């Protein structure tokens, strides 16, 4: 259905882990696993389709060697995706940003795919490193972000799911939680948020965030705890474009808007299992990303 409309393009070990985790939850998705490391690809649990960059191996967080291996295979990689999954409207790229092949190869491949196939929708799921990681790791994530900004009109051309490894102790938890959040998002159509409404949310440009909250505490309090604990990178703006809401019981939607952010269009529905809010079209969290430059400059001066 909506899930078969989506094809993931995980690039690198971390991005491969996330999509693999998601497929473990639900195999209704499509994915082409891209990596310089044949080892990582062979070690995947649920990869039916993989693409090993020829004559390549793991790049040990060196993004310019990743490009070295990949640059000549960019088009065929895109050929693989678009012609094997020709009936997929939405191509979501998934990559960690501090790595070598995820960080260095995703922005050229994404940017090129945009130009070759203009009428498909493109998403980017990126993962910000922990603050304790070193200069190179942060320099890689800055370079990754900037390459995508420069290739997508500052995030305006694509959907952005921005994740923060600082928000959890284990990277695996980030993997599990996002995989859960995205699939719950996709299952909102089970008064219901319809598929076209889910489609609108999913394909909305700029930065998207998915939130779930409990029905114990007050809803303003309950959403506040979700925002604070969100695996997504923090946003400082107070508006968004489209908002999806699917809850177990009747809720004050305006309270949700005051806490999560004010949308110009809302889709509301009900489900029997989760209380989920999706904010889409949030301005790309450049402020949160800018902090990496602060880490770089503070770690640099330590030397």
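Numbering follows the first chain given and starts at 1.
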If you count the residues of the deposited sequence that sit between residue 190 and residue 191 but have no coordinates, do you get none, 1 to 3, 4 to 9, or 10 or more? 4 to 9
Quick one: higher average CA temperature factor, 168-176 or 81-89? 81-89
Please work out which of 49-57 and 274-282 has the higher mean CA B-factor as recorded in the PDB entry. 49-57
Of the choices 184, 147, 136, 217, which one's C-alpha carries the largest B-factor in the record? 217
With respect to C-alpha B-factor, does residue 241 fall in the lowest, middle or highest third of the chain as deposited? highest
Sorting by Cα B-factor within the chain, modelled residues only, which third would residue 40 end up in: lowest, middle or highest? middle
Splitting the chain's C-alpha B-factors into thirds, which one does residue 28 fall into? middle
Among the modelled residues of its chain, the C-alpha B-factor of residue 154 falls in the third labelled lowest
Is the Cα B-factor recorded for residue 119 in the lowest, middle or highest third of its chain? highest
